[PDB]
Amino acid sequence: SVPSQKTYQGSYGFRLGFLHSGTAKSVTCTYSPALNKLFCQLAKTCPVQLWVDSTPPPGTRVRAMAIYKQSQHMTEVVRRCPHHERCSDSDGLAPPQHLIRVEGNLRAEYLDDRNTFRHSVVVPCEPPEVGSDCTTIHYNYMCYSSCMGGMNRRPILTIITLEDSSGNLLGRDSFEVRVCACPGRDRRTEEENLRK
Ligand SMILES: CCn1c2ccc(C[NH2+]C)cc2c2ccc(Br)cc21
Ligand SMILES: [Zn+2]
C-alpha cells in the first residue's frame, strides 16, 4: 500500500508554512514555493510551521512520514541507508533506521507500522507560544538523497498529517525534500531548470 498525499485542510484549516531563508551557498535549509520542495543539509534543523484557522481538540497530534515520489518506488519503505542506520548517532529516542527525526521534543513518538513497516514520527499538537502566530516543529533528515543503498538519488516527499487522538485524519499537507550538501545552489539550479 501507499499513504495518501492529497492536500486536505479539513475542519481546522490545517496547512504548513516555511521560512524565507534564501539561496546563499551557506544556507542549511531553504524552501522553494515554486517547486514545493525543501532543500536541506544532512541532520540540520528544518523548521516547519503549522497553521490552523481554528483550535483543534486536546489530544490532536502531528505526524511526519516520508514516501518515494516516483510511482515505481512508492511501495518501498523510505529508510536510512546501510551506513547511516549503523553509525550510532541516535538521540536516545529515534530508532536508528528512521530518516525523519523531531529535534528537541521529549514527547515525540516513533512508529514502526506493524502492517506497512513504514516509519513515522508524531508529536502532540501544541498552540503557539504567547506572541507567536503559529507553531513550529524542527525536523532533521538523517540521510542524503544520494546515499547508496538507501534513497539512492530517488526523490522523496514528506507527508504531514494532523490526527485526532485515535490517529484518524484531520488534515494533510506535503512537500518534496532533497537532502544535499549545498541546498542554496541546488534550489537555484532546480528553479532555473523549472523556468527553462
Ligand atoms: C497547529 C498549531 N496551532 C496554531 C497555529 C496557528 C494559529 C493561529 N495564530 C494566529 C493557532 C494555532 C493553534 C491553536 C491551538 C492549538 Br492546540 C494548536 C494551534
Ligand atoms: Zn545515508
# chains A, B, ... in the order shown; residues from 1 in each chain; ligands from 1
>>> residues_near_ligand(ligand="ligand 2", cutoff="8 Å", atoms="only C-alpha atoms and all ligand atoms", output="PyMOL selection string")
chain A and resi 80-85+142-148+150-151
>>> closest_atom_pairs(of="segment 144-188 of chain A", to="segment 61-64 of chain A", cutoff="12 Å", atoms="only C-alpha atoms", output="JSON lines")
{"residue": "A:157", "atom": "CA", "partner": "A:64", "partner_atom": "CA", "distance": 10.1}
{"residue": "A:158", "atom": "CA", "partner": "A:64", "partner_atom": "CA", "distance": 6.5}
{"residue": "A:159", "atom": "CA", "partner": "A:64", "partner_atom": "CA", "distance": 5.7}
{"residue": "A:160", "atom": "CA", "partner": "A:64", "partner_atom": "CA", "distance": 4.7}
{"residue": "A:161", "atom": "CA", "partner": "A:63", "partner_atom": "CA", "distance": 5.2}
{"residue": "A:162", "atom": "CA", "partner": "A:62", "partner_atom": "CA", "distance": 4.8}
{"residue": "A:163", "atom": "CA", "partner": "A:61", "partner_atom": "CA", "distance": 5.2}
{"residue": "A:164", "atom": "CA", "partner": "A:61", "partner_atom": "CA", "distance": 6.3}
{"residue": "A:165", "atom": "CA", "partner": "A:61", "partner_atom": "CA", "distance": 6.9}
{"residue": "A:166", "atom": "CA", "partner": "A:61", "partner_atom": "CA", "distance": 9.5}
{"residue": "A:167", "atom": "CA", "partner": "A:61", "partner_atom": "CA", "distance": 8.0}
{"residue": "A:168", "atom": "CA", "partner": "A:61", "partner_atom": "CA", "distance": 9.9}
{"residue": "A:169", "atom": "CA", "partner": "A:61", "partner_atom": "CA", "distance": 10.0}
{"residue": "A:170", "atom": "CA", "partner": "A:61", "partner_atom": "CA", "distance": 9.5}
{"residue": "A:171", "atom": "CA", "partner": "A:62", "partner_atom": "CA", "distance": 9.4}
{"residue": "A:172", "atom": "CA", "partner": "A:63", "partner_atom": "CA", "distance": 9.5}
{"residue": "A:173", "atom": "CA", "partner": "A:64", "partner_atom": "CA", "distance": 9.9}
{"residue": "A:174", "atom": "CA", "partner": "A:64", "partner_atom": "CA", "distance": 9.2}
{"residue": "A:175", "atom": "CA", "partner": "A:64", "partner_atom": "CA", "distance": 10.9}
>>> residues_around(residues="segment 180-193 of chain A", least_positions_apart="6", cutoff="6 Å", atoms="only C-alpha atoms", output="VMD selection string")
chain A and resid 23 to 25 27 39 to 41 144
>>> residues_around(residues="segment 10-14 of chain A", least_positions_apart="2", cutoff="6 Å", atoms="only C-alpha atoms", output="VMD selection string")
chain A and resid 8 51 to 54 170 to 171
>>> residues_near_ligand(ligand="ligand 1", cutoff="7 Å", atoms="only C-alpha atoms and all ligand atoms", output="VMD selection string")
chain A and resid 14 50 to 58 125 to 128 132 to 135
>>> select_by_dssp(residues="segment 78-132 of chain A", states="strand (DSSP E)", output="ChimeraX atom specification")
/A:100-102,109-112,119-124
>>> closest_residue(among="A:48, A:106, A:43, A:74", to="residue 31 of chain A", atoms="only C-alpha atoms")
A:48
>>> atom_distance(atom1="atom CA of residue 45 of chain A", atom2="atom CA of residue 15 of chain A")
19.8 Å
>>> closest_residue(among="A:137, A:100, A:179, A:42", to="residue 65 of chain A", atoms="only C-alpha atoms")
A:100
>>> residues_around(residues="residue 75 of chain A", least_positions_apart="2", cutoff="12 Å", atoms="only C-alpha atoms", output="list in words")
residues 1, 2, 3, 4, 66, 67, 68, 69, 70, 71, 72, 73, 77, 78, 116, 117 and 118 of chain A
>>> write_last_selection(atoms="N, CA, C and O atoms", output="tab-separated table (two decimals), in the first residue's frame")
chain	number	residue	atom	x	y	z
A	1	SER	N	0.82	-1.21	0.00
A	1	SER	CA	0.00	0.00	0.00
A	1	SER	C	0.86	1.26	0.00
A	1	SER	O	2.09	1.20	0.16
A	2	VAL	N	0.19	2.40	-0.19
A	2	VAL	CA	0.85	3.70	-0.31
A	2	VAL	C	0.04	4.75	0.44
A	2	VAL	O	-1.15	4.93	0.16
A	3	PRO	N	0.64	5.48	1.38
A	3	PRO	CA	-0.09	6.54	2.08
A	3	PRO	C	-0.57	7.63	1.12
A	3	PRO	O	0.10	7.95	0.13
A	4	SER	N	-1.72	8.21	1.44
A	4	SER	CA	-2.23	9.31	0.63
A	4	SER	C	-1.36	10.56	0.79
A	4	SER	O	-0.81	10.83	1.86
A	66	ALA	N	7.86	9.85	5.36
A	66	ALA	CA	8.44	10.02	4.04
A	66	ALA	C	8.00	8.88	3.12
A	66	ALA	O	7.90	7.73	3.55
A	67	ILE	N	7.72	9.22	1.86
A	67	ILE	CA	7.48	8.22	0.82
A	67	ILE	C	8.29	8.60	-0.41
A	67	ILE	O	8.64	9.76	-0.62
A	68	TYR	N	8.60	7.61	-1.24
A	68	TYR	CA	9.22	7.92	-2.51
A	68	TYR	C	8.21	8.60	-3.43
A	68	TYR	O	7.03	8.25	-3.45
A	69	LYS	N	8.70	9.58	-4.21
A	69	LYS	CA	7.82	10.38	-5.05
A	69	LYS	C	7.43	9.65	-6.34
A	69	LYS	O	6.29	9.77	-6.80
A	70	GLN	N	8.36	8.89	-6.92
A	70	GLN	CA	8.11	8.21	-8.19
A	70	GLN	C	7.27	6.95	-7.97
A	70	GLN	O	7.53	6.17	-7.05
A	71	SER	N	6.28	6.75	-8.85
A	71	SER	CA	5.30	5.70	-8.65
A	71	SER	C	5.94	4.32	-8.57
A	71	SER	O	5.49	3.46	-7.80
A	72	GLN	N	6.99	4.08	-9.35
A	72	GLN	CA	7.61	2.76	-9.33
A	72	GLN	C	8.34	2.45	-8.03
A	72	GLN	O	8.74	1.30	-7.82
A	73	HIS	N	8.50	3.44	-7.14
A	73	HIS	CA	9.16	3.23	-5.87
A	73	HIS	C	8.27	3.48	-4.67
A	73	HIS	O	8.71	3.26	-3.53
A	77	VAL	N	9.55	1.13	1.50
A	77	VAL	CA	9.70	1.92	2.72
A	77	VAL	C	10.93	2.81	2.60
A	77	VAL	O	12.02	2.34	2.27
A	78	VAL	N	10.75	4.11	2.85
A	78	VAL	CA	11.88	5.04	2.95
A	78	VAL	C	12.57	4.82	4.29
A	78	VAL	O	11.95	4.94	5.35
A	116	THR	N	2.45	-2.00	7.54
A	116	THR	CA	3.15	-1.48	6.37
A	116	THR	C	4.65	-1.40	6.56
A	116	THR	O	5.37	-1.22	5.57
A	117	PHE	N	5.14	-1.49	7.79
A	117	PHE	CA	6.55	-1.36	8.15
A	117	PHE	C	7.09	0.04	7.89
A	117	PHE	O	8.31	0.24	8.00
A	118	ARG	N	6.24	1.00	7.57
A	118	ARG	CA	6.70	2.36	7.34
A	118	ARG	C	6.99	3.07	8.66
A	118	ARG	O	6.38	2.77	9.69
